[PDB]
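This document starts with one chain, in the form solved without the ligand, laid out as structure tokens.
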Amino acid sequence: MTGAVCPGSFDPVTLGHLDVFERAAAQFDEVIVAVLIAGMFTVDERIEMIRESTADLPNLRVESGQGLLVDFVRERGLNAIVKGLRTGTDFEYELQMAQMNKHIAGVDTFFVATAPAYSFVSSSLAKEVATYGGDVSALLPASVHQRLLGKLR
């Protein structure tokens, strides 16, 4: 009965996130993606885009969440978070939250290294580049791309 939660704003989900979801799904019986909550996409849109892109992952589901992440995790009977890291400075920042989360609620955090190809990918940078006309097609799920083009027009 193993399981982890993968949290984030996912505004929108990127190939970097999807890679983390896939890897978490391969190592834990149950994965829940926690869409935490105003950016570009609504909660429902963000959830839909992730569901579309994770259809090949039978042991993953997507839910919105509010309040403390540890409460979200524990209220579903789990006590692990899985999170992707690019740096370095990411680890330092996330370490603080991870130790706090373990301290207040006994919830552990497992970090995975980003796939090399997506080291430079972030939701913020993808939206920024796309806004000014740059091609970010290779960095986002097929569905997501189109939806993003939609929001910009």
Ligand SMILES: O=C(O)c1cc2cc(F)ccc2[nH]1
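One-based numbering along the sequence shown.
There is also a form solved in complex with the ligand; it is not shown, and the following applies to it.
Shown alone here, residue 59 lies farther than 4.5 Å from the ligand in the bound PDB entry, counting heavy atoms only.
The ligand in the bound PDB entry is not approached by residue 27, whose heavy atoms all lie more than 4.5 angstroms from it. Contact annotation for residue 55: none of its heavy atoms lies within 4.5 Å of the ligand in the bound PDB entry. The closest heavy atom approach of residue 39 to the ligand in the bound PDB entry falls outside 4.5 Å. At a distance of at most 4.5 angstroms from the ligand in the bound PDB entry, none of the three residues 3, 77 and 80 contributes a non-hydrogen atom. Contacts to the ligand in the bound PDB entry (heavy atom within 4.5 Å) from stretch 9-37: 34, 35, 36.
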